[PDB]
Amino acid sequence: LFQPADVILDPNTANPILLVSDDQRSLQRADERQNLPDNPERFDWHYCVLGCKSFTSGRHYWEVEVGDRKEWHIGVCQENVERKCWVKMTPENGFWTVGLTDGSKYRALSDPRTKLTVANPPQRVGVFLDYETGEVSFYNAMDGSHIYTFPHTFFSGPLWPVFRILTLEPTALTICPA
């Protein structure tokens, strides 16, 4: 009921500290920000990178291999978001994201941040989008557990898969191919 999406990371949107794999599937972090041009599409403050392809309508889904990562946040964002200074990643600011911080605190990046009580920490999360209905939901791609879903909102403009990592840990954030 949701079209599988072949998502790849767009390095030109990557924060100067984020490392995009050669296949544009894995996402790591460096010790310090890299000397890269500050093109208007690149994220400068938030440790965020987008996909290469957007979604203007339909029902799409992709699965993210979060693995052992003790910090990660995934979701979607409007194209008209601010990428050069700090914005509170919130549906009001065009950000529909969930994730994990500190290895145990699962939260939905809303305002206020909704504290999720995940029974079993997911090793692979599935992001589900539904433009015309305004539904953003995240599931445990392994055992199908519903993690969280955002309230219905009327989407404006295109949507891009957004990925944010803050820590420098061994295990990387990889996107599962479709």
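Each residue number is its position in the shown sequence, starting from 1.
Averaged over their C-alpha atoms, the temperature factors of 164-172 and 150-158 are higher for 150-158. Of the two segments, 75-83 and 99-107, the one listed with the higher mean B-factor is 75-83 (C-alpha atoms only). Each of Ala141, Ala30, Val49, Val66 has a CA temperature factor in the record; the biggest one is found at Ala30. Of all the options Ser145, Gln123, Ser137, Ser54, the entry's greatest CA B-factor is assigned to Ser54. Compared with the other modelled residues of the chain, the Cα B-factor recorded for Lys70 ranks in the lowest third. Sort the chain's modelled residues by C-alpha temperature factor and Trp62 lands in the lowest third, per the entry.
When the modelled residues of the chain are ordered by their C-alpha B factor, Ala119 lands in the middle third.
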